[PDB]
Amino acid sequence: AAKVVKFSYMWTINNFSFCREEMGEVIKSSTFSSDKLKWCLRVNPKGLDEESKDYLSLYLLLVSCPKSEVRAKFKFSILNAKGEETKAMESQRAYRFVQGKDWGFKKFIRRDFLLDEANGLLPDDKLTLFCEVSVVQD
């Protein structure tokens, strides 16, 4: 019965089709708090390498903690045009964070699925991501 504390963060990226970031370039969210933990989201619209260039990557970064390492699970999902969390993926288990360290999905969602208006993922050209962080308490 580990003690887990869950919180949810919403980040909306505006005019997403217009993003000019290429492979390797990153968009960072603003910092957010859980308990003295600080986090941010990193998004690579066109991945990080030729490998993942057809995908958007999504990563959770620990910006601040008050001791040495943090143990946490994370779930990323996308808000669709019907109002539903869509394409959720979670860590099956907790990952070890220190300040500066990201964990995430290099291939979080195929670009040509994201850009397909039939999947309703860019309502008004806005990409809305949710991140639920589950921090295991010591």
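Just count from 1 along the sequence shown to find any residue number.
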Which fits the stretch between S52 and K53: none, 1 to 3, 4 to 9, or 10 or more deposited residues lacking coordinates?
none
Which has higher Cα B-factors on average according to the PDB entry: 93-101 or 74-82?
93-101
On mean Cα temperature factor in this entry, is 104-112 or 61-69 the higher one?
61-69
Could you check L121, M10, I13, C19 and tell me which one carries the biggest Cα B-factor in the deposited entry?
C19
With respect to C-alpha B-factor, does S34 fall in the lowest, middle or highest third of the chain as deposited?
highest
Place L48 in the lowest, middle or highest third of its chain's C-alpha B-factors, as listed in the PDB entry.
highest
